[PDB]
Structures are given as structure tokens and as C-alpha cells.
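Chemist: My file is final.pdb. It has PDB, C-alpha atoms:
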```pdb
ATOM      1  CA  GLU A 203      -1.452  -5.679 -11.210  1.00  0.00           C
ATOM      2  CA  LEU A 204       0.063  -9.208 -11.278  1.00  0.00           C
ATOM      3  CA  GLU A 205       3.078  -7.726  -9.480  1.00  0.00           C
ATOM      4  CA  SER A 206       5.168  -9.633  -6.936  1.00  0.00           C
ATOM      5  CA  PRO A 207       3.715  -9.304  -3.381  1.00  0.00           C
ATOM      6  CA  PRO A 208       4.240  -5.798  -1.891  1.00  0.00           C
ATOM      7  CA  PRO A 209       7.359  -5.045   0.192  1.00  0.00           C
ATOM      8  CA  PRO A 210       6.973  -6.072   3.878  1.00  0.00           C
ATOM      9  CA  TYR A 211       5.208  -3.231   5.633  1.00  0.00           C
ATOM     10  CA  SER A 212       6.556  -2.285   9.045  1.00  0.00           C
ATOM     11  CA  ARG A 213       5.801   1.380   9.775  1.00  0.00           C
ATOM     12  CA  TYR A 214       6.332   3.356   6.567  1.00  0.00           C
ATOM     13  CA  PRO A 215       6.135   2.126   2.933  1.00  0.00           C
ATOM     14  CA  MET A 216       9.414   1.367   1.178  1.00  0.00           C
ATOM     15  CA  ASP A 217       9.715   0.122  -2.414  1.00  0.00           C
TER      16      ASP A 217
ATOM     17  CA  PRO B 365     -11.974   5.013  -5.292  1.00  0.00           C
ATOM     18  CA  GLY B 366     -13.021   4.816  -1.661  1.00  0.00           C
ATOM     19  CA  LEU B 367     -10.211   5.895   0.643  1.00  0.00           C
ATOM     20  CA  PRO B 368     -10.277   4.223   4.092  1.00  0.00           C
ATOM     21  CA  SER B 369      -8.723   5.802   7.177  1.00  0.00           C
ATOM     22  CA  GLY B 370      -5.169   4.707   7.860  1.00  0.00           C
ATOM     23  CA  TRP B 371      -4.501   3.732   4.260  1.00  0.00           C
ATOM     24  CA  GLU B 372      -2.129   5.545   1.922  1.00  0.00           C
ATOM     25  CA  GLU B 373      -2.089   4.907  -1.821  1.00  0.00           C
ATOM     26  CA  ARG B 374       1.320   5.667  -3.074  1.00  0.00           C
ATOM     27  CA  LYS B 375       2.484   5.483  -6.659  1.00  0.00           C
ATOM     28  CA  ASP B 376       6.232   5.343  -7.233  1.00  0.00           C
ATOM     29  CA  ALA B 377       7.722   6.565 -10.535  1.00  0.00           C
ATOM     30  CA  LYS B 378       8.666   2.987 -11.519  1.00  0.00           C
ATOM     31  CA  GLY B 379       4.948   2.464 -11.843  1.00  0.00           C
ATOM     32  CA  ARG B 380       4.634   0.758  -8.496  1.00  0.00           C
ATOM     33  CA  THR B 381       1.300   1.503  -6.846  1.00  0.00           C
ATOM     34  CA  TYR B 382       0.999  -0.075  -3.410  1.00  0.00           C
ATOM     35  CA  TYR B 383      -1.944   0.320  -1.053  1.00  0.00           C
ATOM     36  CA  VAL B 384      -0.522   0.424   2.449  1.00  0.00           C
ATOM     37  CA  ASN B 385      -2.302   0.524   5.789  1.00  0.00           C
ATOM     38  CA  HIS B 386      -0.981   1.920   9.075  1.00  0.00           C
ATOM     39  CA  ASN B 387      -3.990   0.456  10.914  1.00  0.00           C
ATOM     40  CA  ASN B 388      -3.343  -3.287  10.631  1.00  0.00           C
ATOM     41  CA  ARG B 389       0.053  -2.730   8.992  1.00  0.00           C
ATOM     42  CA  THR B 390      -0.598  -4.466   5.698  1.00  0.00           C
ATOM     43  CA  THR B 391      -0.231  -3.685   1.985  1.00  0.00           C
ATOM     44  CA  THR B 392      -2.010  -5.091  -1.074  1.00  0.00           C
ATOM     45  CA  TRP B 393      -2.310  -4.493  -4.833  1.00  0.00           C
ATOM     46  CA  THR B 394      -6.080  -4.830  -4.411  1.00  0.00           C
ATOM     47  CA  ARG B 395      -8.460  -1.948  -3.733  1.00  0.00           C
ATOM     48  CA  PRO B 396      -9.750  -2.206  -0.132  1.00  0.00           C
ATOM     49  CA  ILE B 397     -13.446  -1.536   0.464  1.00  0.00           C
ATOM     50  CA  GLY B 398     -13.482  -1.304   4.240  1.00  0.00           C
TER      51      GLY B 398
END
```
Take the structure in the file and write it out as C-alpha cells.
Modeler:
Amino acid sequence: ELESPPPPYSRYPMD
Amino acid sequence: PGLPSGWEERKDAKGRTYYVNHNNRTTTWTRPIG
């Protein structure tokens, strides 16, 4: 996808 | 697409598709095999 690294995952996904 | 247990593939309306895992607690743009 070439996208910036995914948002830091703690418990639930948040974007 | 093989779906592994603990992973959720979630596509947000911006066109953001992140593969997240509750098992190890990690997310990646890549498709996980195991």
C-alpha cells in the first residue's frame, strides 16, 4: 500500500 | 485471503485498510499467512 506505518496498536484499532 | 485467528481486517472510508492482530498486538499493511 506504500502507506505510512499503521497506527500504534494497543487493544483496539484506531485510525 | 486467509483469515488468521485474532486478526481483524478493517477498511476505513478514507481508504485505510489495516490488518490488526489482538494476539501479538501488531498491525501491518501486508497480508499475514500464519
Chemist: Just how far from CA of residue 369 (chain B) is CA of residue 205 (chain A), in Å to one decimal?
Modeler: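 Distance reported for this atom pair: 24.5 Å.
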Chemist: Could you please determine the separation between CA of residue 389 (chain B) and CA of residue 207 (chain A) in Å, to one decimal place?
Modeler: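 Computed distance, CA of residue 389 (chain B) to CA of residue 207 (chain A), equals 14.5 Å.
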Chemist: Evaluating the PyMOL selection byres ((chain A and resi 217) around 9) on the displayed file yields which residues, as a list in words?
Modeler: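 On this input, the PyMOL selection byres ((chain A and resi 217) around 9) captures residues 208, 209, 215 and 216 of chain A; 376, 380 and 382 of chain B.
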Chemist: Identify, on the basis of all atoms listed in the file, every residue whose closest approach to residue 386 (chain B) does not exceed 12 Å; exclude the query and any residue fewer than 5 positions from it along the same chain; express the result as a ChimeraX atom specification.
Modeler: /A:211-215 /B:368-373,391
Chemist: Go ahead and dump the residues you just picked, C-alpha atoms, as a CSV table (one decimal), in the coordinates of the input.
Modeler:
```csv
chain,number,residue,atom,x,y,z
A,211,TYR,CA,5.2,-3.2,5.6
A,212,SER,CA,6.6,-2.3,9.0
A,213,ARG,CA,5.8,1.4,9.8
A,214,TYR,CA,6.3,3.4,6.6
A,215,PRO,CA,6.1,2.1,2.9
B,368,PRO,CA,-10.3,4.2,4.1
B,369,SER,CA,-8.7,5.8,7.2
B,370,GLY,CA,-5.2,4.7,7.9
B,371,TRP,CA,-4.5,3.7,4.3
B,372,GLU,CA,-2.1,5.5,1.9
B,373,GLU,CA,-2.1,4.9,-1.8
B,391,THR,CA,-0.2,-3.7,2.0
```
Chemist: Starting from the PyMOL selection byres ((chain A and resi 203) around 9), expand the selection into actual residues of this file and give them as a ChimeraX atom specification.
Modeler: /A:204-206 /B:381,393-394
Chemist: Which value, in Å to one decimal, gives the distance between CA of residue 388 (chain B) and CA of residue 367 (chain B)?
Modeler: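 Spanning CA of residue 388 (chain B) to CA of residue 367 (chain B) is a straight-line distance of 15.2 Å.
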Chemist: Box in all listed atoms of region 371-379 of chain B, axis-aligned, with 8 Å more on each side; write out centre and edge lengths in Å to one decimal as AutoDock Vina command-line options.
Modeler:
```
--center_x 2.1 --center_y 4.5 --center_z -3.8 --size_x 29.2 --size_y 20.1 --size_z 32.1
```
Chemist: Please identify all polymer residues within 12 Å of residue 366 (chain B), counting all atoms listed in the file, omitting same-chain residues fewer than 6 positions from it, and present them as a PyMOL selection string.
Modeler: chain B and resi 372-373+383+395-398
